[PDB]
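Dumped work.cif below, it's mmCIF, C-alpha atoms and all ligand atoms:
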data_upload
#
loop_
_atom_site.label_atom_id
_atom_site.label_comp_id
_atom_site.auth_asym_id
_atom_site.auth_seq_id
_atom_site.Cartn_x
_atom_site.Cartn_y
_atom_site.Cartn_z
CA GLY A 1 86.23 106.33 103.11
CA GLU A 2 84.70 105.92 106.54
CA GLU A 3 82.74 103.37 104.63
CA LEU A 4 85.60 100.86 104.43
CA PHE A 5 86.28 100.56 108.16
CA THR A 6 82.74 99.69 109.24
CA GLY A 7 83.73 96.04 109.65
CA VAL A 8 86.59 93.56 109.87
CA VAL A 9 89.64 94.43 107.76
CA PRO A 10 92.76 92.28 107.13
CA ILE A 11 96.17 94.00 107.14
CA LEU A 12 99.50 93.52 105.35
CA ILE A 13 102.75 95.20 106.42
CA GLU A 14 106.18 95.27 104.76
CA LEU A 15 109.24 97.06 106.13
CA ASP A 16 112.85 97.40 104.96
CA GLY A 17 115.57 98.74 107.17
CA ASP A 18 119.23 99.58 107.24
CA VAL A 19 120.90 100.32 110.57
CA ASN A 20 124.62 101.12 110.38
CA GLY A 21 125.12 98.66 107.53
CA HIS A 22 122.90 95.94 108.97
CA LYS A 23 120.00 95.14 106.64
CA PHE A 24 116.80 93.22 107.39
CA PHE A 25 113.20 92.63 106.34
CA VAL A 26 110.01 92.29 108.31
CA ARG A 27 106.78 90.79 107.00
CA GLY A 28 103.53 91.63 108.78
CA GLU A 29 100.09 90.03 108.46
CA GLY A 30 96.91 90.10 110.49
CA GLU A 31 93.61 91.89 111.04
CA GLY A 32 92.30 95.25 112.25
CA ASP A 33 88.99 96.71 113.38
CA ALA A 34 88.63 100.50 113.51
CA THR A 35 85.19 100.31 115.13
CA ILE A 36 86.74 99.55 118.51
CA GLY A 37 90.26 100.67 117.63
CA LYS A 38 91.74 97.18 117.68
CA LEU A 39 94.27 95.36 115.51
CA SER A 40 95.98 92.00 116.00
CA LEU A 41 99.14 91.49 113.96
CA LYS A 42 102.02 89.01 113.75
CA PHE A 43 105.41 90.09 112.41
CA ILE A 44 108.05 87.78 111.04
CA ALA A 45 111.67 88.55 110.16
CA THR A 46 113.04 86.65 107.16
CA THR A 47 116.67 87.67 107.69
CA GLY A 48 116.72 85.95 111.08
CA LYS A 49 118.47 87.92 113.81
CA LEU A 50 117.40 91.53 114.28
CA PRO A 51 120.24 94.05 114.75
CA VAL A 52 117.67 96.10 116.66
CA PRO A 53 115.07 95.43 119.41
CA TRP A 54 111.43 95.03 118.36
CA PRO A 55 110.00 97.78 120.64
CA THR A 56 111.89 100.48 118.72
CA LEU A 57 110.31 99.40 115.43
CA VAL A 58 106.77 99.31 116.86
CA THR A 59 105.93 102.93 116.03
CA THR A 60 107.31 102.49 112.51
CA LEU A 61 105.07 99.58 111.59
CA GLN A 62 96.80 104.57 112.22
CA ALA A 63 93.72 104.16 110.05
CA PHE A 64 92.39 101.68 112.61
CA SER A 65 92.43 104.12 115.53
CA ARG A 66 88.99 104.58 117.09
CA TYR A 67 87.66 108.11 116.68
CA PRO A 68 84.60 109.09 118.77
CA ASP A 69 81.48 109.41 116.61
CA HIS A 70 81.49 113.17 117.23
CA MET A 71 85.18 113.49 116.36
CA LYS A 72 84.97 111.71 113.00
CA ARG A 73 85.72 115.10 111.56
CA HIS A 74 89.31 114.76 112.80
CA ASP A 75 89.91 111.37 111.17
CA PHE A 76 92.23 112.10 108.24
CA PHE A 77 93.42 108.50 107.88
CA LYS A 78 90.03 107.13 106.79
CA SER A 79 89.31 110.10 104.54
CA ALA A 80 92.39 109.36 102.43
CA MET A 81 91.15 105.81 101.83
CA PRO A 82 91.07 103.98 99.56
CA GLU A 83 93.49 106.20 97.63
CA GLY A 84 95.92 106.26 100.54
CA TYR A 85 98.45 108.56 102.18
CA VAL A 86 102.21 108.80 102.68
CA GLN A 87 103.71 108.49 106.17
CA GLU A 88 107.04 110.26 106.64
CA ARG A 89 108.86 110.16 109.98
CA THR A 90 112.24 110.93 111.53
CA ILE A 91 112.57 109.24 114.92
CA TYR A 92 115.08 110.87 117.27
CA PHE A 93 116.36 108.47 119.93
CA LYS A 94 117.71 110.35 122.96
CA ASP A 95 121.48 110.10 123.20
CA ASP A 96 121.77 107.72 120.29
CA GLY A 97 121.05 107.20 116.63
CA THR A 98 118.00 108.20 114.60
CA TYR A 99 115.48 106.74 112.14
CA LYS A 100 114.23 107.97 108.77
CA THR A 101 110.96 106.57 107.46
CA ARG A 102 108.59 106.93 104.52
CA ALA A 103 105.58 104.62 104.29
CA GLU A 104 102.83 103.91 101.75
CA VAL A 105 99.47 103.08 103.33
CA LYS A 106 96.78 102.24 100.77
CA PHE A 107 94.09 99.70 99.85
CA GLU A 108 95.16 96.98 97.46
CA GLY A 109 91.95 95.09 97.06
CA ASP A 110 90.29 93.87 100.25
CA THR A 111 93.35 94.32 102.48
CA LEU A 112 95.21 97.40 103.70
CA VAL A 113 98.88 97.29 102.72
CA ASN A 114 101.67 99.26 104.40
CA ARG A 115 104.90 99.55 102.39
CA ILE A 116 107.71 100.91 104.57
CA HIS A 117 111.42 101.64 104.20
CA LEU A 118 113.65 102.52 107.16
CA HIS A 119 117.15 103.94 107.64
CA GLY A 120 119.15 103.79 110.87
CA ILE A 121 122.34 105.79 111.30
CA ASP A 122 124.78 107.00 113.98
CA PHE A 123 123.72 104.31 116.44
CA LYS A 124 126.15 103.41 119.16
CA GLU A 125 126.80 99.81 119.94
CA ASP A 126 127.21 99.77 123.67
CA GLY A 127 123.87 101.50 123.78
CA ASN A 128 120.34 100.42 124.72
CA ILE A 129 119.60 99.63 121.07
CA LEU A 130 122.58 97.83 119.53
CA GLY A 131 123.14 96.05 122.84
CA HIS A 132 119.46 95.06 122.94
CA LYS A 133 118.93 96.41 126.45
CA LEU A 134 115.29 97.46 126.06
CA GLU A 135 112.37 95.66 127.70
CA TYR A 136 110.14 93.62 125.39
CA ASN A 137 107.10 95.81 126.02
CA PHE A 138 105.37 99.09 125.16
CA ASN A 139 103.97 101.87 127.35
CA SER A 140 101.03 104.21 126.82
CA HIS A 141 101.64 107.37 124.80
CA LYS A 142 99.83 110.42 123.43
CA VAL A 143 100.02 111.25 119.72
CA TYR A 144 99.42 115.00 119.45
CA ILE A 145 98.17 115.73 115.93
CA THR A 146 97.97 119.09 114.15
CA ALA A 147 96.38 119.94 110.86
CA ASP A 148 98.22 120.57 107.67
CA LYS A 149 96.04 123.28 106.23
CA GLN A 150 97.12 123.30 102.64
CA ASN A 151 96.24 119.58 102.36
CA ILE A 152 98.24 116.38 108.88
CA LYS A 153 101.36 116.08 111.03
CA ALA A 154 101.92 114.57 114.48
CA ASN A 155 104.27 114.87 117.46
CA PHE A 156 104.90 112.40 120.29
CA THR A 157 107.57 110.78 122.46
CA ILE A 158 108.00 107.06 123.15
CA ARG A 159 109.16 105.73 126.52
CA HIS A 160 111.08 102.48 126.08
CA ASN A 161 111.78 100.60 129.31
CA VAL A 162 115.43 99.68 129.87
CA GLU A 163 116.39 96.45 131.65
CA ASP A 164 118.45 98.38 134.22
CA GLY A 165 115.45 100.49 135.21
CA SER A 166 116.01 103.63 133.16
CA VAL A 167 113.90 104.84 130.24
CA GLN A 168 115.06 105.32 126.65
CA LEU A 169 113.12 108.20 125.08
CA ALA A 170 112.48 108.72 121.37
CA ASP A 171 111.08 111.93 119.88
CA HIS A 172 108.86 111.31 116.86
CA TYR A 173 108.24 113.87 114.12
CA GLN A 174 105.52 112.83 111.68
CA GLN A 175 104.08 114.18 108.41
CA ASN A 176 101.13 112.86 106.40
CA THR A 177 99.81 113.94 103.00
CA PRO A 178 96.97 112.25 101.07
CA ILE A 179 97.82 110.54 97.77
CA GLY A 180 94.50 111.07 96.01
CA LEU A 181 90.38 119.33 108.06
CA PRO A 182 90.95 118.70 111.78
CA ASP A 183 91.74 120.84 114.84
CA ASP A 184 94.61 120.00 117.20
CA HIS A 185 93.82 116.75 119.01
CA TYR A 186 95.62 113.61 120.16
CA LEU A 187 95.41 109.82 120.33
CA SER A 188 95.79 107.51 123.33
CA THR A 189 97.80 104.42 122.42
CA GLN A 190 98.15 101.06 124.18
CA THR A 191 100.22 98.17 122.81
CA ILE A 192 101.21 94.67 123.94
CA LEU A 193 104.27 92.81 122.66
CA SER A 194 104.26 89.01 122.82
CA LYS A 195 105.59 85.81 121.34
CA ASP A 196 103.76 82.96 119.79
CA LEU A 197 103.49 79.37 120.80
CA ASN A 198 105.15 77.57 117.97
CA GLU A 199 107.39 79.98 116.19
CA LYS A 200 111.14 79.35 116.14
CA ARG A 201 111.72 82.43 113.99
CA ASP A 202 112.47 85.86 115.44
CA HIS A 203 108.98 87.37 115.60
CA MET A 204 106.61 89.68 117.46
CA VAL A 205 102.91 89.24 118.23
CA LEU A 206 101.22 92.64 118.45
CA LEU A 207 97.89 93.71 119.94
CA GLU A 208 97.24 97.45 119.98
CA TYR A 209 94.35 99.66 121.11
CA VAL A 210 94.19 103.31 120.04
CA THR A 211 91.42 105.83 120.73
CA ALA A 212 91.13 109.51 119.76
CA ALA A 213 90.46 112.31 122.24
CU CU B 301 117.71 101.86 101.86
#
Show me this structure written as structure tokens.
Amino acid sequence: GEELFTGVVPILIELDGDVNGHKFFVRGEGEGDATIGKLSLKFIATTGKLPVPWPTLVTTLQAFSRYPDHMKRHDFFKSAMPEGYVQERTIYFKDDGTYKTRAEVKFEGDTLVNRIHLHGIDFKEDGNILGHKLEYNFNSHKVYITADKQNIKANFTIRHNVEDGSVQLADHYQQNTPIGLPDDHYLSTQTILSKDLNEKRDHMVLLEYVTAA
């Protein structure tokens, strides 16, 4: 388990969404290194225009988070490998619509694949999301994780910067069960959103650093 993340690991991400009737598909490819809690990914939409800002999808696209070598006992994500785990989430955007997510994170050879499906409902156009009024960036957050004794689950809020100056919050409720146990801790997350030099498609370059505490 902890064996597989001792070096450089390539990543593959697939996501499928449906927000108020608007469908789309995002393909993600790159590389991650759990030793320093670093992953560099590039996401490409094949349906063209997104009906939803990239920052909101960031949390929906953790086995590469750096756990201190005395807190390896709290790393559930690496213990489930290479069998994998399921990642269920229901993101509650403040004063707007919500997300529903179930992901499949497992090893398919030499790469780690993340199969995701998303559902968006009750979103208001004229809001921060459908109007695309959120800043193309990501703040620092704390992912409080509790243990799921009879087999984990996490809780955290995301602060999306609005172009006007306000902040769009989003409560995240997470549940993880292994496909094939820690005390209450949390993770410190840092993420950078960017674009690439020669890429005329709607995309998102992602560099993220996460460390346990
Ligand atoms: Cu669907």
Pull the closest atom pair for each residue of chain A that gets at most 7 Å from ligand CU 301 (chain B), along with the distance in Å to one decimal, counting all atoms listed in the file, ordering rows by chain and then ascending residue number, as a tab-separated table.
residue	atom	partner	partner_atom	distance
A:17	CA	B:CU301	CU	6.5
A:18	CA	B:CU301	CU	6.0
A:117	CA	B:CU301	CU	6.7
A:118	CA	B:CU301	CU	6.7
A:119	CA	B:CU301	CU	6.2
Nearest candidate to residue 11 of chain A (options A:113, A:152, A:34, A:143; using all atoms listed in the file): A:113
Compile the contact shell of residue 145 of chain A as a compact mmCIF listing (two decimals) with C-alpha atoms, keeping the file's coordinate frame: residues with an atom at most 6 Å away, counting only C-alpha atoms, same-chain residues fewer than 6 positions apart removed.
# COMPACT_ATOMS: atom_id res chain seq x y z
CA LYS A 153 101.36 116.08 111.03
CA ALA A 154 101.92 114.57 114.48
CA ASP A 184 94.61 120.00 117.20
CA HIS A 185 93.82 116.75 119.01
CA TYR A 186 95.62 113.61 120.16
Atom-to-atom span, atom CA of residue 138 of chain A and atom CA of residue 116 of chain A, Å: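 A separation of 20.8 Å between them.
Between atom CA of residue 40 of chain A and atom CA of residue 199 of chain A there is a distance of 16.6 Å.
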Gap from atom CA of residue 102 of chain A to atom CA of residue 53 of chain A - Å, one decimal: 19.9 Å
Which of A:130, A:4, A:162, A:204 sits closest to residue 27 of chain A [using all atoms listed in the file]: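 Ranked by minimum distance to residue 27 of chain A, first place goes to A:204.
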Distance criterion (all atoms listed in the file): nearest to residue 155 of chain A out of A:58, A:112, A:187, A:179: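 Nearest candidate to residue 155 of chain A out of A:58, A:112, A:187, A:179: A:187.
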Using all atoms listed in the file: which of A:69, A:104, A:95, A:83 has the shortest distance to residue 13 of chain A: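 Nearest candidate to residue 13 of chain A out of A:69, A:104, A:95, A:83: A:104.
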Contact residues around residue 128 of chain A with only C-alpha atoms at 12 Å, ignoring same-chain residues under 6 positions, as a PyMOL selection string: chain A and resi 51-53+55-56+93-97+134-135+160-170
Neighbour list for segment 71-74 of chain A as a list in words, cut-off 12 Å, all atoms listed in the file, skip fewer than 2 positions in-chain: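 Close residues of segment 71-74 of chain A: residues 1, 2, 34, 35, 63, 65, 66, 67, 68, 69, 76, 77, 78, 79, 145, 146, 147, 148, 152, 181, 182, 183, 184, 185, 186, 187, 211, 212 and 213 of chain A.
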Residue with smallest distance to residue 32 of chain A - pool A:208, A:196, A:16, A:75, counting all atoms listed in the file: A:208
Residue 110 of chain A surroundings by only C-alpha atoms, 8 Å radius, close-in-sequence under 3 positions cut, as a PyMOL selection string: chain A and resi 9-10+107
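Shortest atom-to-atom contact with residue 42 of chain A among A:87, A:194, A:8, A:210: A:194, counting only C-alpha atoms.
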